[PDB]
Participant: 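The structure is given below, and queries will be raised subsequently.
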Amino acid sequence: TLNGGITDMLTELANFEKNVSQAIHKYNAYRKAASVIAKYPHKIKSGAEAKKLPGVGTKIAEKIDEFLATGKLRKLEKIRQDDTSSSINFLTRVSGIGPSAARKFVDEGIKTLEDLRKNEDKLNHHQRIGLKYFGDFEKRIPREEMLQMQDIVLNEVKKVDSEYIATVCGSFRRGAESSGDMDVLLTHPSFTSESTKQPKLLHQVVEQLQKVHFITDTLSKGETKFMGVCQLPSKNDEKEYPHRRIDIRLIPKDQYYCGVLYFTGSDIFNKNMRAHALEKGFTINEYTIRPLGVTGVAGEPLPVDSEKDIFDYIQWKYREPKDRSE
DNA sequence: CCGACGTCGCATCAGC
DNA sequence: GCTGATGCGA
DNA sequence: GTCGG
Ligand SMILES: Cc1cn([C@H]2C[C@H](O)[C@@H](COP(=O)(O)NP(=O)(O)OP(=O)(O)O)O2)c(=O)[nH]c1=O
Ligand SMILES: [Mn+2]
Ligand SMILES: [Mn+2]
Ligand code: NA
Ligand code: NA
């Protein structure tokens, strides 16, 4: 964090554009800029120096010069003072509440945590659970707790069917010392790109984790993706652990490497890699890498038998999970 | 100058 | 009910 | 907001 002040500024600007202006490409522009500055191994001395980096243009360069000279940004100082922007930004911190619902709530005079708590009937299920655990979801997860959680998940999954493979991805697989949540990739030989020989594969696992009181709430749930809440068990007279967000994704077993590449992240890393893939004439999702034809249409899936194969196709040197934290 | 910006799952809604 | 778009999220 | 062509 040689340039923590700058990256903080840009992230706050990113959040404004996403939540208030509802301009998603500005949000990504700022986040991309923040990321490239974050890994820049010098303390930045000027906006001109920063503009040399890919993703930093004229406007951000000027903001960096203002921030360097004064320690502040007048544009952000004004935004911070605005009631509507501040209220909208706050409401979006609740899981299930996005830019649209936040602005609608503020219109209806619901703009504080207290306002939300007395208008619970106006929330959908996701938002209601998000409000319930607002405090808990603010807290990060120490890696040591992540290891406890991994142990439970992998063992409970094993008990259902010993041919399941569960892999913890996201920031954990990238070796982070603390995570925002837990991300679990799931495979079973019955579910491939060719066929589904077994129903309720994800359901079976979710059910087991509920039975042992690990999973406590559900935000969303379908055939391949689960979004919910979990909690570590605590001992006698111990204060309870905070409730944690958990994401589970069932991927066709023969498409594990594309799946694990996707869910390992980071989000910005995926954006950068897939953009580069397009430049190289391929498209990548969580299932396949495919060539783009002359007319621009995706062709048939290419052979993949390691994460590295995917890097090879787009002419990138392989990068370990710990080097993908962009 | 300006088109494009990664890709997709689940909840919810409009229109039929 | 289905189809397609919108919102929020991974 | 940025940038490749
Ligand atoms: C949010 C997001 C996530 N992903 C993939 C890559 C992420 O690393 C992976 C898990 O999402 P996450 O749990 O929201 N983020 P994280 O695990 O990287 O970091 P954190 O510690 O959970 O905050 O899902 C995307 O591909 N695009 C996205 O926009
Ligand atoms: Mn995560
Ligand atoms: Mn997650
Ligand atoms: Na630049
Ligand atoms: Na939210």
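A note on names: the letters A, B, ... follow the listed sequences, proteins ahead of strands, and every chain is numbered from 1. We use all heavy atoms of the structure for the numbers below, so side chains are in, but hydrogens, waters and symmetry mates are not.
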Participant: Categorize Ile284(A) for me: base, sugar-phosphate, or nothing, with a 4.0 angstrom heavy-atom threshold over every strand shown.
Facilitator: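 Since only primed, P, OP1 and OP2 atoms lie under 4.0 Å of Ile284(A), the category is sugar-phosphate.
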
Participant: What is the distance from CD of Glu279(A) to P of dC3(D), rounded to the nearest Å?
Facilitator: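 Rounded to whole Å, this separation is 13 Å.
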
Participant: Could you walk me through whether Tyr133(A) and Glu138(A) satisfy the side chain to side chain donor-acceptor pair (under 3.5 Å) test, starting with their C-alpha distance in whole Å, then the side-chain angles of each, then the deciding distance to 0.1 Å, before giving a yes or no?
Facilitator: CA-CA 9 Å; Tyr133(A) 301 114; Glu138(A) 283 291 278; over 6 Å; no

Participant: Between CG of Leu185(A) and OG1 of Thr264(A), what distance do you get to the nearest 0.5 Å?
Facilitator: 8.0 Å

Participant: So which of residues 187-221 of chain A are in contact with DNA chain B, with a heavy-atom cut-off of under 4.0 Å?
Facilitator: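 Hits under 4.0 Å, by residue number: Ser220(A), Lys221(A).
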
Participant: Quick check on DNA chain B: between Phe282(A) and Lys225(A), whose nearest nucleotide comes earlier from the 5' end?
Facilitator: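 In this pair, the answer is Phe282(A).
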
Participant: Measure the distance from CD on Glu62(A) to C1' on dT2(D) and round it to the nearest whole Å.
Facilitator: 13 Å

Participant: Contact class for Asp183(A) vs. all strands (heavy atom < 4.0 Å): base, sugar-phosphate, or nothing?
Facilitator: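 Sugar-phosphate contact only - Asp183(A) comes under 4.0 Å of backbone atoms but never of a base.
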
Participant: When we call it a touch if two heavy atoms are under 4.0 Å apart, what does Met273(A) touch: a base, just sugar-phosphate, or nothing?
Facilitator: nothing

Participant: Quickly work out the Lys271(A) NZ to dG1(D) P distance and round it to whole Å.
Facilitator: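 Checked: the NZ to P distance equals 18 Å.
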
Participant: When the P atoms of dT7(B) and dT2(D) are considered, how many whole Å apart are they?
Facilitator: 23 Å

Participant: Which part of the nucleic acid does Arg245(A) contact within heavy-atom distance under 4.0 Å: base, sugar-phosphate only, or nothing?
Facilitator: sugar-phosphate

Participant: Taking the six-membered ring for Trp, are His276(A) and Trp316(A) parallel (under 30°), tilted (30 to 60°) or perpendicular (over 60°)?
Facilitator: parallel

Participant: Round to a whole Å and report the spacing from CZ of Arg249(A) to P of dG9(C).
Facilitator: 17 Å

Participant: When we call it a touch if two heavy atoms are under 4.0 Å apart, what does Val36(A) touch: a base, just sugar-phosphate, or nothing?
Facilitator: nothing

Participant: What are the bounds, 5' to 3', of the part of DNA chain B that sits under 4.0 Å from heavy atoms of chain A?
Facilitator: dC5(B) to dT12(B)

Participant: I'd like to know if the side chain of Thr1(A) reaches the main chain of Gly4(A), judged simply by a donor and an acceptor atom lying under 3.5 Å from each other, with no hydrogens or angles considered.
Facilitator: no

Participant: Hey, which of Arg249(A), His126(A), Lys221(A) is the one that makes side-chain contact (heavy atoms from CB on, under 4.5 Å) with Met227(A)?
Facilitator: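 The residue from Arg249(A), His126(A), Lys221(A) that satisfies side-chain contact (heavy atoms from CB on, under 4.5 Å) with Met227(A) turns out to be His126(A).
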
Participant: What orientation do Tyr318(A) and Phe311(A) show, parallel under 30°, tilted 30 to 60°, or perpendicular over 60°?
Facilitator: perpendicular

Participant: Does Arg80(A) have more than 12 heavy atoms from other residues, nucleotides or ligands lying within 6.0 Å of its CZ?
Facilitator: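 Correct, the count exceeds 12.
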
Participant: Contact class for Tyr27(A) vs. all strands (heavy atom < 4.0 Å): base, sugar-phosphate, or nothing?
Facilitator: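 The residue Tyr27(A) makes no contact with any strand.
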
Participant: Please test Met146(A) against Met182(A) for side-chain contact (heavy atoms from CB on, under 4.5 Å), starting from the C-alpha separation and ending with a verdict.
Facilitator: CA-CA 7 Å; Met146(A) 291 289 292; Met182(A) 167 160 281; 3.9 Å; yes

Participant: Determine the contact category for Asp247(A): base if any of its heavy atoms lies under 4.0 Å from a base atom, sugar-phosphate if only primed atoms, P, OP1 or OP2 are that close, otherwise nothing.
Facilitator: sugar-phosphate

Participant: Is the number of heavy atoms from other residues, nucleotides or ligands within 6.0 Å of CD (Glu300(A)) greater than 12?
Facilitator: no

Participant: Let me know the distance between CG of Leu250(A) and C1' of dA10(C), rounded to the nearest Å.
Facilitator: 15 Å

Participant: Just to confirm a value in my table: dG9(C) sugar, north or south, sign of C1'-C2'-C3'-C4'.
Facilitator: north

Participant: With side-chain contact (heavy atoms from CB on, under 4.5 Å) as the test, would you mind laying out the steps for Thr187(A) and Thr167(A) before giving the verdict?
Facilitator: CA-CA 9 Å; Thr187(A) 64; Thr167(A) 315; over 6 Å; no

Participant: Does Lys26(A) put its side chain into the major groove or the minor groove, going by base N and O atoms under 5.0 Å away?
Facilitator: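 For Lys26(A), the answer is major.
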
Participant: Please check if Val229(A) and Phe134(A) belong to a single hydrophobic cluster, counting links between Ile, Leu, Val, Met, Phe, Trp and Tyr side chain heavy atoms closer than 4.5 Å.
Facilitator: no

Participant: Just how far, in rounded Å, is P of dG9(C) from CD1 of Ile24(A)?
Facilitator: 11 Å

Participant: Indicate, with a heavy-atom threshold strictly under 4.0 Å, whether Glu223(A) touches base, sugar-phosphate, or nothing.
Facilitator: sugar-phosphate

Participant: The sugar of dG1(D): north or south, by the sign of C1'-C2'-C3'-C4'?
Facilitator: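 South (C2'-endo side).
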
Participant: With sugar-phosphate meaning primed atoms plus P, OP1 and OP2, does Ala101(A) contact a base, only sugar-phosphate, or nothing at under 4.0 Å between heavy atoms?
Facilitator: sugar-phosphate

Participant: Report, one pair per line, the protein and nucleotides 1-6 of chain C atoms (nitrogen or oxygen only) whose separation is under 3.5 Å.
Facilitator:
none

Participant: Answer with yes or no after comparing the ring centroid distance for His42(A) and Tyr40(A) against a 6.0 Å cut-off, counting only values under it.
Facilitator: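 Yes, ring centres under 6.0 Å apart.
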
Participant: Considering only atom P, compute the distance from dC5(B) to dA10(C) and round it to an integer number of Å.
Facilitator: 23 Å

Participant: Same cluster for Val94(A) and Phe137(A) if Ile/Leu/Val/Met/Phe/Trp/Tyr side chains link at under 4.5 Å?
Facilitator: no

Participant: Using whole Å, what does the distance between atom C1' of nucleotide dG1(D) and atom CD1 of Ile64(A) come to?
Facilitator: 13 Å

Participant: Students often get this wrong, so: under 4.0 angstrom with heavy atoms, is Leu53(A) touching a base, only sugar-phosphate, or nothing?
Facilitator: sugar-phosphate

Participant: Tell me the interatomic distance from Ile268(A), atom CD1, to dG1(D), atom P, rounded to whole angstroms.
Facilitator: 18 Å

